[PDB]
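# A closer look at the structure
The lines below spell out each chain.
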Amino acid sequence: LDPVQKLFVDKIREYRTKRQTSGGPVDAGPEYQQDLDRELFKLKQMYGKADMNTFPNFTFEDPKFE
Amino acid sequence: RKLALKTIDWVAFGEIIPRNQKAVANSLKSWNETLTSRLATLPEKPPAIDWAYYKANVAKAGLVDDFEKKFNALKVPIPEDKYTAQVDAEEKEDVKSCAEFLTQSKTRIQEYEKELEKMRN
């Protein structure tokens, strides 16, 4: 409704204020950040072990002279 | 892909093993078959990433785009020979085989046949 779009406005306002700022997450404090870190570790194992932000190097192979 | 038949070979191979490698070939045959079936299976090349979706919608695009450039520039070599003057010791072994046996044996057979004439009787 339109008296219920009066509430919808309210939320839209808070979203921008946060996004162009942050306090933790604006409304979240350390608590968010801490939770992430618990999920973030387990995902490394699911996703590999390193190179997550940096291109993988490679190596090349050899033989036996016969 | 990598191999082929030359002559008559995977069957015609295994049975026949020049004494100077003879023993080796028995073991080598079975190794080869392992390589054969394996190679045929593998993928040959993957896809090559849809950048459009990832660049737009992974909006850390400073990171993504830099890694992109490094990947797109990224050059690749080939594997390594090691064992292919065997290929050429082949033409040598092929001399040994024909002329070195061909010739001496042809002269031998020459005598066996000339002696065949009289022993018709």
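Sequence order sets the numbers: each chain starts from 1, possibly unlike the entry numbering, and residues with no coordinates are not included. In the order they appear in the text, chains get letters beginning with A and ligands get numbers beginning with 1. Chains on display form part of a larger assembly; values are given for the displayed part and nothing beyond it. Side-chain measures were taken over the full set of non-hydrogen atoms in the model, leaving aside hydrogen atoms and water. Residues with missing side-chain atoms are left out of burial classes, side-chain pairs and their counts.

Per the deposited record, determination of this structure is attributed to cryo-EM, with the resolution reported as 7.20 Å.

### Concerning the overall build of chain A
Helix and strand definitions follow DSSP, with helices as H or I runs of at least four residues and strands as E runs of at least two, each counted in order from the N terminus. A tally of regular secondary structure across chain A gives two helices and zero strands. For the C-alpha atoms alone, the extent of chain A along its principal axes is close to 85 × 25 × 20 Å.

### Remarks on the overall build of chain B
The helix and strand inventory of chain B stands at five helices and zero strands. In chain B, the succession of helices and strands from N to C terminus is α-α-α-α-α. By principal-axis analysis of the C-alpha atoms, chain B measures approximately 100 × 25 × 25 Å.

### A look at helix 2 (residues 29–47) of chain A
Here, expected helix span is obtained from the residue count minus one, scaled by 1.5 Å. Here helix 2 of chain A spans 28 Å end to end across 19 residues, near enough to the 27 Å set by a 1.5 Å rise per residue. Of the residues flanking the end of helix 2 of chain A, it is A:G48, one or two places downstream, whose phi is positive at about 135°.

### A few points about unusual backbone geometry
With a phi close to 70°, A:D51 is a non-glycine residue in the positive phi region. Tracing the backbone through its elements, the reader meets A:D51 in the segment after helix 2. Of note in this structure, B:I49 is not a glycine but carries a positive phi near 70°. With respect to the helices and strands, B:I49 occurs in the loop between helix 2 (22–41) and helix 3 (51–57).

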